[PDB]
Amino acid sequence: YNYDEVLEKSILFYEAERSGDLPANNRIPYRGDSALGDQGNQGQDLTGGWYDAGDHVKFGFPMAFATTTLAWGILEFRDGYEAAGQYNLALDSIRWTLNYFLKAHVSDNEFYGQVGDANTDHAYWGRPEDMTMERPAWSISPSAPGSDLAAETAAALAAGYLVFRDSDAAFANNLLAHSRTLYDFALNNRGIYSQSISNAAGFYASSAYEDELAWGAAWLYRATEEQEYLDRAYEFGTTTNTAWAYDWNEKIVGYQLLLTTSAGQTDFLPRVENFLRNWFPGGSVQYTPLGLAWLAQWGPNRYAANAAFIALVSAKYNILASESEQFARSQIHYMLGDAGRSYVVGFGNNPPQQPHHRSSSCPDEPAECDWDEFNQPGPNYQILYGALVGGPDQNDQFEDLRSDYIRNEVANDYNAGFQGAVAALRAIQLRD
């Protein structure tokens, strides 16, 4: 597989998800300016960010987690991004959401965590450029806490500081200052963001915020080396529980691995190894007949690519390296085409033609786009290069239907671990 092309197209997927005022060098010809009215309740500019999935909601929790995970992969697998000619484009990719998080952090203890009503948004089928419905914006604050959302965004900002500090120190320093402030807000104003922003509860409900507090602390310790953050990581982290998955809701193995590798903390390594062995063949995750580690019907590709990412970070730091590399390669290669078809839109052999995705489902301007384009039985008019679809059922079956909102789903978080894993595999090619 051409990993250079996979990386190029994965970053193009994120570019096709951009909201707001698009740059002159926009590479997605069917996308234009959209949601230019996104704003806070006092008129604060909230334009930009990524649309979460095939919809036009800006869901701050997965948007931040996808950014943290992408930044981590850029830090660890820079050599693979560079070899692919995609390093500057990867930085541009996450600069987009990091700038959005800065806008959303309107004051020390207020942070906008959603733009768009998901009920209204999902009732619409059409271009983002054609939207006319109200797009409310909701924030977390001392009266409306969201320790999970705030600490995940702090994690993304601290990871961003580390990514950008050697090329754009003014940007990186601004990210770190806001990371510190947002993390203090998360620690001192405690609650579940999807209870305070209740519209999010039907879509990205957070089950617990303690793992985000440990994750944000671990990232701030990597960024600042200040003992108080390492203390916070032990305070809210677990050395006794093994993560079920790595994803936008569960940060456990993320901070365990981060503290083991970047911070040299040996107490967490047994739980990292437990996670890896649970996902490896012979573990606790069932594999489809054709070899996909299949955790659940909702975004199995996302869960497996996330585990592949964790495994490849582990291998880089010589944690079960041979087994981690073989497991990770097997999972990414399933998604690239090993079972007979690619699961990455616009890539490889017979890629998915009907991603559940509004803008790519619309024909070129000036043609009409509405629910006819949801229902139409053929391929999406635009190729959504790089999007990793949710994936097959537990028997490797995939119908490739736009109405299959489970298997044909695409989303920011689906590609986040995937993209870093591909960069890691590219880097291993340089090593060998």
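Don't overthink the numbering: it's just position in the shown sequence, from 1.
Taking the mean C-alpha B-factor of each stretch as recorded, 311-319 and 298-306 are not equal, and the higher mean is that of 311-319. When the mean C-alpha temperature factors of 233-241 and 356-364 are read from the deposited coordinates, 233-241 comes out higher. The entry assigns its greatest Cα B factor, within the set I252, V106, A218, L75, to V106.
Within the listed group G348, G146, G160, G116, the record reports its top CA B-factor for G348. In the PDB entry, a CA B factor belonging to the lowest third of its chain's modelled residues is recorded for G60. Placement of the Cα temperature factor of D372 within the chain: highest third of the modelled residues, per the deposited record. Annotation for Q286: C-alpha temperature factor in the highest third relative to the rest of the modelled chain, per the entry. For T266, the recorded CA temperature factor ranks within the highest third of the chain's modelled residues. Among all modelled residues in its chain, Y343 ranks in the lowest third by Cα B-factor.
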